[PDB]
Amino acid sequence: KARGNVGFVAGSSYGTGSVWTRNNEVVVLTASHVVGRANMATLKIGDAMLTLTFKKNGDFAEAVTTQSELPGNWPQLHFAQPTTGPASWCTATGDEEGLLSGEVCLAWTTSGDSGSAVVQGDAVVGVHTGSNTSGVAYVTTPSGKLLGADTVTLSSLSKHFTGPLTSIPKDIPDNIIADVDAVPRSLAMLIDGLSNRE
């Protein structure tokens, strides 16, 4: 079951969106490539169907509308810098718990999940942009920075996680440089937690 503010978006492609409140306006986030160059796309949430125009920054797409056009108790929109740790990919079929860092992001997603808000706590860090082999995720922040395209060692990543040393999960992407033979339990369980929205 998806979060209450998560909807489906259809433009040049099919994706996911999220709805929020900010300074008396209703804000809708999704991915630019889901919207498409014509800059128009239709959001479906609850019984509401609304066509919107989006301002874009790289693959991060944001539309604004009003309470009279899209009523509901939408959660307040807070943007925040990425913090190395767990993050929730808010897909239309439930939250996918994944690893988020500036260099590498891991989450089990499909094409339809493009545009899902990626959140940490009560704040949006970006939208889901795309995927690669072995749970690789790419996330675009509101300022248009692409997260997930660089490399990081396991030891460097490990500094950010609590718990005792644990065996490294089997399938990890080449962009995570395996330079230790054990990682903190929370890091291992995160990666092991692959595919958890059900």
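Residue numbers here begin at 1 and follow the sequence given.
- Here the stretch with the larger average CA B-factor, out of 124-132 and 67-75, is 67-75.
- Two stretches are in play, 19-27 and 184-192, and the higher mean C-alpha B-factor belongs to 184-192.
- Note on the listed residues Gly148, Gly36, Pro169, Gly144: the highest Cα temperature factor in the record is that of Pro169.
- Highest CA B-factor among the listed residues (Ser111, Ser101, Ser116, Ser88): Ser111.
- Residue-level temperature factors show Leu106 in the lowest third of its chain, judged at the C-alpha atom.
- Among the modelled residues of its chain, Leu52 has a C-alpha B-factor that falls in the middle third, as given in the PDB entry.
- Compared with the other modelled residues of the chain, the Cα B-factor recorded for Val152 ranks in the middle third.
- Among all modelled residues in its chain, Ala137 ranks in the lowest third by Cα B-factor.
- The PDB entry assigns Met40 a C-alpha temperature factor belonging to the highest third of its chain's modelled residues.
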